[PDB]
Amino acid sequence: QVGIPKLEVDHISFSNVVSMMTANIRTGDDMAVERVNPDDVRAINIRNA
Amino acid sequence: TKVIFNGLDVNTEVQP
Amino acid sequence: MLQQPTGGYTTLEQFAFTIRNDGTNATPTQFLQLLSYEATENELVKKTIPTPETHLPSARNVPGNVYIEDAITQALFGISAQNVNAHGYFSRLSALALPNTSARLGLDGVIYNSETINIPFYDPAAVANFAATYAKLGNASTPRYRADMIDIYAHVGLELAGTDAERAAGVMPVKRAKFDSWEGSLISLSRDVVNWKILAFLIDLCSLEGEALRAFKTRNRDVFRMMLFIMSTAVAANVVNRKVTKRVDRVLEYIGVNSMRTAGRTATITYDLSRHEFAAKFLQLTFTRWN
Amino acid sequence: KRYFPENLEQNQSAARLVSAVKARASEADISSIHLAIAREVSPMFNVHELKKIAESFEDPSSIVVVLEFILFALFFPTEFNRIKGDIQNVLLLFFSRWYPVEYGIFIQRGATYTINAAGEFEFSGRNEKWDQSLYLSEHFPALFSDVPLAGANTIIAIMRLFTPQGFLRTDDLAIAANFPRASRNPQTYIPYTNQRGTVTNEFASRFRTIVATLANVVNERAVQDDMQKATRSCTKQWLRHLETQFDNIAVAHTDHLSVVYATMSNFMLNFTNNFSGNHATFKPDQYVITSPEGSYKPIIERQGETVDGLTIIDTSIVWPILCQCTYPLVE
Amino acid sequence: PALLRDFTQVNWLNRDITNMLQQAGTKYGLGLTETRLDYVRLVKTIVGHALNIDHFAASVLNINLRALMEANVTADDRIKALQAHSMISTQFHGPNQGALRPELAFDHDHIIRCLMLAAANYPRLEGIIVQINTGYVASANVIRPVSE
Amino acid sequence: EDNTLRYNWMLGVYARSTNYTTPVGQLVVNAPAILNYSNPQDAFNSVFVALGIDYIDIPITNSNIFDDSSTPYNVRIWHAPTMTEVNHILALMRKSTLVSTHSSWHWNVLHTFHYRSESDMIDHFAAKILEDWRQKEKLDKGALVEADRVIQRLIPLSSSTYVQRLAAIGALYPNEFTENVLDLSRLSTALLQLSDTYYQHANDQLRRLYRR
Amino acid sequence: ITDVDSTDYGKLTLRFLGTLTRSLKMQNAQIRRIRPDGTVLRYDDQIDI
Amino acid sequence: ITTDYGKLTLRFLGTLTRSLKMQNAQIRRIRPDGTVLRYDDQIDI
Amino acid sequence: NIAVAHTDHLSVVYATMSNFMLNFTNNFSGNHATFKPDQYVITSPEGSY
Amino acid sequence: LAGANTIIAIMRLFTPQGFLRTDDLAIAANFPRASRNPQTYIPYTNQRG
C-alpha cells in the first residue's frame, strides 16, 4: 500500500503540494568581505606549497 | 590614524 | 512506542519495501528474476574485508533536530544531483550510543532531542546497538579513516549476481547483466527505492539473535539485493540498451567491478567524488554486520 | 603618542620596525577604553571571538604580534578564556614558520584534547583547526594544556607566559545581601592583587621576567640576507623601552584600578561565573529552557555578530592604555 | 470541482461529489501542509503548500527548488573563487551565513563544452582572451617605459 | 653524538643544489638538524608537518656527468603513514595524465613517477621490464638474490595505450629465453611485436591470459 | 495596552542577515541543564541551586 | 522569437557567420595528422 | 640588475595568470625536443570537421 | 651525434629554466580545464636568500 506516482498516468490531476520558499532564504546578493594584502611581495612562495 | 573598531570589516563585494 | 517480538520491525506491514513496475506494484523478489547474465572473462575474486575503527566521532553540540535518516538515503540512492556532502550534521547518531540518553529516534526518520508529544519512535534499547555501529559512519571523509573505494565492490557483485555455485568457492567470472525494461527505468527505481524507510531494516541487523537472525537473513536477503542493485548502476561503465524487434534490454556494462564515473550521465543515477568515499564507508560497515 | 619613541627613530635600521608598530596602533577613544574594563566582569550570551589577523611570521620584527597576545592575557585573564582557542590558531604559525623543528613533534601528539575520564587528559593524535564554533562542547585547545611535554621543553616553556595572575575570591558582599546568582556558588577573579611591600611591586617584576625570557627568542632566531639583522638589533630599543614604561604604570594599575574590580565583582545584577584562573580546565556549564511539549531555548548560543558591539573583541586596545592614558597616578 | 462540495443548488451533482470525495480512497486538502525547520538558526525555511495548480506545472517548479536546496554549497564558497584572481598570498574573512544563503553550484561541464564549441565557430574568440589578460598585467605596474 | 642516527642524503643534498630558495630547502637552513633521522619514513614525515604541504617532488639525477640534457621524468614523494592512506592516493591518482608506481617502496613512503611526453614512457617502462625478467631467472632455479621488492615490473596507473600492450606481455615471462626474440636493439620494437604475437596466436588460453 | 514597551521581543537580529523571528509558544518550560551533546540531562540534585 | 558588457563583445565577435553542420557533433582529438581517434579513456577528459 | 625584478616580481604576475578563468590549455614549453600541442577538432557524422 | 659535437653543444644551451607548477586554487575553486589535469610553465625561480 503505497502512493502511485501521478507524473506517469493519463488523467490530469489538480491541487498538488508545491514546495515553496519563505522570505528568509535570500538568493543572489553581496557580501561585504574584506581583503588583507600579502604586505610584502618579496617573501611570497609560489615555488612549491 | 589607526582607529580601534570592533566588528567585521566592509570592502569588496562578492556576487552571485 | 513500537516494540519488536524478535520478529523485528521488518516482520511488519507498517513499512515494507516494494518496487513499482509492470503497471502494478511488486515485491523485490519478483523483480530480480528478470536479471539474466553471461560472462566476459576477467576474474573478480573475493578479498578480505578489514575491520572498522572503534573511535566514534563526537556529535558537535547542535540545537534543533536534523533528519539523520534523510541523509543516509539521500547519499546512497540519491537520484537528484547531490553536491558535496563530505561535510554535514551526519553524526548526531552517536548521541544515541550512550546508555541513559533522553534523545530519541522516531519513526519516519528523525532524531529528536527530547521525546515530544504524539510521536511514535523505535525502542530505546535496540536503537543503542544500531548506533554503536553506524554512528561510526560520521568519520567517512576524515583522512586516515576513509574506506577504500575499489575492493568492496568485488564483494558487492558476488551478492546480487553470484550464483551460490560460485560464492562457496570465493571466485567468480565478471558478468554483464541485462534485464528487460520500459521508459525511464534505472532512474525510476531510484525515485522509488529512496522512500523505503531504511532505518526499519538496519536496526534489525544489530539486535535480532541467532534464532531470528538465520530466519531474518532468509526473508530479507532480497530487500538487500535490491538497494544493492541501484547502488551498483551508479558505478558501471556503460548502460547501452540492446534492441530486439519490439523489445528493449538494459545491458549493464560490468556489475561488480568499480570504475570511477557513472555510465548514466543522463540515463541513470550518478555519484560524485564526495560520495565515493561515503559508499565505501557504508558498504564496508554493513557487510561485516550482514555477512 | 609615545610607544615607538625614545628619540633615535632617525636610524635606517628601524624603518621596518617603524611601520610594524605604527600599523598596529589604536586611538584613545574614551568609550572604547571603558568597554574593555566593563567586558571583564559582565556576563555574555553570544560567543564572541577576536578580529582575526593574517600575518605569516617572516622576520624578527613579527614578534610584535605575539607580544600583543601576551599583554592582552594579563590585564584581562578572564575574557582571555573565551578566545584561548582562536588566539591559539594564529599562534601556531609562530611555532612552525619561526622555528620548524619543535612543532613537528608537538602536532605529532595532536591539537585538541578532552578533559574527561573523571580526570586525566585524552589527546587526539590528529591535526585540526579551531574555528570557535565548537567552543561549547568537550574540546579544550591542547596548546594551553600545561602537561609536561616529551621532546619540546623549548616550547612548553614560553607556553607558560600566559599564566593567570592574582587570586580568585568568593564574593561575600553579594551572597550576604541575597542577590540572585545563576551559579550555585558566587566566585570571580581579581585579577592581580595590590602592593604588599614598600618598594617591590611583584606584578611589575613578573613582566620584567617575561621580557627577559622573550628577549632570548628574538636574540637567537638565526636569520639570513641582512635586513633582519638590521631589525634584529633595533628591536631591543623597543623591547626594553616598553618594559621601562610598564614600571611607570603598575603602581596606579594595581592599586586604584585593583579596588575597582574588587567591588564590581559583587554588584546587584551580575550573577554568572566568568572565572578563568585555570586555562587548562574551565567550561561555561550553560542552562537551557526546555518543555516536555516540544520547546527549546538556550542561554548562550553561537550566533554572531549581532547588531551590537558585543561580538568580535578588538585586541588592538592595548597600546593606547600603555601610552596615551594619564591615570590619577595613584583628588 | 471539489471545493464546492456543499455550495451548489444543482441537486444531483452535489450528492455525487460528496460520495467519491468522501470515499476511503481519495481526500482533498488546501493550504499549509508541513514545515521544515532550520538546524543552527532555528527558523522556518522550506514550507509545503497544498496549492491549487495542476500536476504538469507543479512538477517543473519542484525540480528548480530542489536543485537550489540540494546544492549544499553556501554563498561562502564564493570567496574561494574570488581569491583565485589576486596575489597568491592574500586572504579573506568571510561574513558567515550558512544555510540562509543557498547558492547553486558552478557548472563544470556545460561551460567548458560550450566555450569549446564557440572557439571553433568564431576563431577571433581569442581576441578578448589575450585582451582581458593584457589589461591585468598593465594594471599591476610591472614595467614603465622611461627614456635612456 | 647518538650512534643510532643516519644522515638523510637524497632530500638534503638536493635542497642545497637550489640555493635553498624553495621552502623545502629554506627549512633546512634555519634548523639543519631536521635531516638527522633514526628511522626511515620518519625522515620525510617531519618535512610535511612543519610545512602543511602534501607532497614534495624531486627532479631525477643523471649518472653521466656530460649528458647535460632535459630529464625524461620526475619522481614525487607523498605524505602517507598508515595503510588506509595508501589506498586514497592511488585511487585519486586516476584521471591524471600518465603516472607510474611499482610493487613496493624504498623508505616506507609511497612515491610515484611523472613522465614528460608519452613517447618517453615506453623506453623507461621497457628498461624495468627487462630487469625483472632476470630476477625471476635466479628465483626460478633457486639461489640467493638481494634485489629488494621481489617484482621490478612497473605498474601503469593512468597511462596511454601502447603501455597496456607492453605491460601484459611482460607479466607472463615468455618462453623466449633462450632469448631469440631479437633482444639487443632496439628492444622497444621487437618486444612490441611479440605482444601482437601471444595475442592472435599461438596457442589457447595463452591468448586468453594476454587478453585478460 | 499597559505601557510596557517591547523594542524587539522574541526575535534575533544579526547584522549580516537582517531580522529573523522565533516563535513564542512554550508550555511547561522547566529550565534544566544541557549536556555537551545538547541532549537534556536531569534535575541535577545536589547541584544547580 | 525570444549595458551588457557582453553585448559589446557579441558585436566584436564574428557572429555574422556560424556555418557548421552539427547534427550529432562530438568532441574528439585527431592524431598527429588527420584521423579522428576513438574516444579513449585515460588521455581524454 | 634586471635579475632582481625578473625573479621576485615578474614571477608573481605569472603565478596568478595560470589561475584565471578562460585559460584552459596547456602551453607546456619545458623540453623543446619533444612537445606537440593537442588537436581538438569538432567532428560531425556527415559534412566536414 | 657521432661527428659534430659543436653544433650539438650550442643546442644544449637553449634549455629552459622552469618548473611545472600544477595549480590547486584554480581547480579547488572549480574552473573549466580541458586537459585531464591542469598544468603551466612559469620561467623563473625565487633566490630569496
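Should a chain be cited, it is by its letter among A, B, C, D, E, F, G, H, I and J, assigned in written order, with residues numbered from 1 in that chain.
Heads up, the rule we're going with is that contacts are C-beta pairs under 8 Å (C-beta built on N, C-alpha and C of every residue); 3 or more make two chains touch, one makes a residue touch a chain.
*Asks:* By the touch criterion stated at the start, how many steps lie between chain C and chain F on the shortest route?
*Replies:* Minimum step count, chain C to chain F: 1.
*Asks:* Which chain has its C-alpha centre closest to the mean of all protein C-alpha atoms shown?
*Replies:* Centroid comparison flags A as closest.
*Asks:* Count the C-beta pairs in contact for every pair of chains, then give the pair with the highest total.
*Replies:* The chain pair sharing the largest number of C-beta contacts is A-E.
*Asks:* Which whole number of Å gives the spacing of the CA centres of chain B and chain I?
*Replies:* Chain B and chain I have C-alpha centres separated by 37 Å.
*Asks:* Compute the distance, rounded to whole Å, between the mean C-alpha positions of chain D and chain F.
*Replies:* Inter-chain centre distance comes to 52 Å.
*Asks:* How many angstrom lie between the CA centroids of chain A and chain F, rounded to a whole number?
*Replies:* Their C-alpha centroids are separated by 44 Å.
*Asks:* Multi-chain contacts in chain E: which residues touch at least two other chains?
*Replies:* 40-43, 66, 75, 78-79, 82, 84, 86-89, 91, 93, 95, 97, 100, 103, 105, 112, 115-117, 120
*Asks:* If a residue has to touch 2 or more other chains to count, which residues of chain C qualify?
*Replies:* If we look for residues of chain C contacting two or more partner chains, we find 61-64, 113-114, 144.
*Asks:* So which stretches of chain F touch two or more other chains?
*Replies:* Where chain F meets two or more other chains at a single residue, that happens at 21-22, 29, 69-70, 95, 158.
*Asks:* Which positions of chain B touch chain E when the two form their complex?
*Replies:* Within the complex, chain B contacts chain E at residues 8-9, 12, 14-16.
*Asks:* Which of the residues in chain D come into contact with chain F in the complex?
*Replies:* These residues of chain D touch chain F: 96, 99-101, 103-104, 107-108, 127, 222, 224.
*Asks:* Considering only the defined contacts, which chain E positions touch chain D in the complex?
*Replies:* Per the stated touch rule, the residues are 40-42, 89, 91, 93.
*Asks:* Applying the document's contact rule, which stretches of chain D touch chain E when the two form their complex?
*Replies:* 52, 54, 56, 296, 302-303
*Asks:* Could you please specify the touching residues of chain J with respect to chain E in the complex?
*Replies:* For this pair, the touching residues of chain J are 25-26, 28-34.
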